[PDB]
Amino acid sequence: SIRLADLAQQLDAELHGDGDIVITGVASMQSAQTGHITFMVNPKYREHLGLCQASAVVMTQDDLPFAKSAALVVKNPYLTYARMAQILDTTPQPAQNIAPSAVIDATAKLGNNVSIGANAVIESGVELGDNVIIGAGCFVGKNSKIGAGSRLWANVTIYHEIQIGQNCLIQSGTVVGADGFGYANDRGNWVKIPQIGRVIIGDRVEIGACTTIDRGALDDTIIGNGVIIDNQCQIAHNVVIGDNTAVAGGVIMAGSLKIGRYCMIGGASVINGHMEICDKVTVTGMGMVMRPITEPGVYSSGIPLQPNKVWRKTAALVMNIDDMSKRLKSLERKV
């Protein structure tokens, strides 16, 4: 719990109402009860703010006239919401202290206040920084290093020789450092290319659940600082992702792709490899990226949904578009 006056101070918001109100948590506008602080971004929710039963509402100045409760005025309600939710976070830690069922190699190097959950497995030579938390059931492979403040939820797999920076967060089911998909071909038989590169993850990286990030073949797969990656993504060997880029759910990236800084890769996109995407590119969901992207801006692909009866005709016509083109050229020639 926190006093509304103290919360507004920490949030650099200006308070309009009883600063002695006690805030115990954050809630949506529709669910907020007494003690909750909430927020609004869309002006449509103005007309019925009197129906919201939160103790306080984070809003802008243009919103204040419509307020029907204590209000914290800020320039950016959504960012203030992020900050106040961190202050009022109820999320537990993946582990507390080192569990007696954890299996930790005697050559592991552990900092202070490291927590390791039940049945986690820590291999030889692993370095865990101060305040690192390893969840139940994780595996951390030989000589990997995890920087101070980083946290793995339950059942994360880190392979060997992996480097992870400070204050990262990796959700369950994710695998960092599996072999890249590298094979030579000897007369039709695949010949494995050992993948002896690594994965380097920077600081403040968040990776979702059941995402896979392969190690490089010789040099490294690199995730920049401040990158956020959603669930179900595949980051192939020797991919390089620039700082602060965001990758939404289910994105598949091929080997040796380079993505710049401040990019936004939409859900379920497919990005081919051995090419570069420049800074400040947005690919919208399901984008089929076949060529380098050299200019910033928003890019898209795909023919959207239609009723099935309509789609049948659309697809058949598109598949015969060469014949349509030939007929147009012939008609131009004749006219």
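Position 1 is the first residue in the sequence shown; the rest follow in order.
- Item | 69 to 77 versus 158 to 166 - greater average Cα B-factor per the deposited record | Result of the comparison: 69 to 77.
- Message: So, looking at the entry's B-factor column for Cα atoms, which has the higher mean, 134 to 142 or 181 to 189?
- Response: Mean B over CA atoms: larger for 181 to 189.
- Compare the CA B factors listed in the entry for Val270, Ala54, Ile277, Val298 and report the winner. Comparing C-alpha B-factors across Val270, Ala54, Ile277, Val298, the top value belongs to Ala54.
- Task: Going by the CA temperature factor in the entry, name the top one among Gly266, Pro307, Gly302, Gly50.
- Result: Going by the entry's C-alpha B-factors, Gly50 comes out highest.
- Within-chain third of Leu15 by Cα B-factor, per the entry: Tercile = highest for this residue's CA B-factor.
- According to the PDB entry, is the CA B factor of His237 in the bottom, middle or top third of its chain, that is, lowest, middle or highest? Its C-alpha B-factor, which the entry lists for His237, ranks in the lowest third among residues of this chain.
- Among modelled residues of the same chain, the CA temperature factor third for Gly125: CA B-factor rank for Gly125: middle third.
- Message: How does the C-alpha B factor of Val41 compare with the rest of the chain: lowest, middle or highest third?
- Response: Answer is highest: the recorded C-alpha B-factor places it there.
- Query: Lowest, middle or highest third of the chain for the C-alpha temperature factor of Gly224?
  - Reply: Lowest third - that is where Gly224 ends up once the chain's C-alpha B-factors are sorted.
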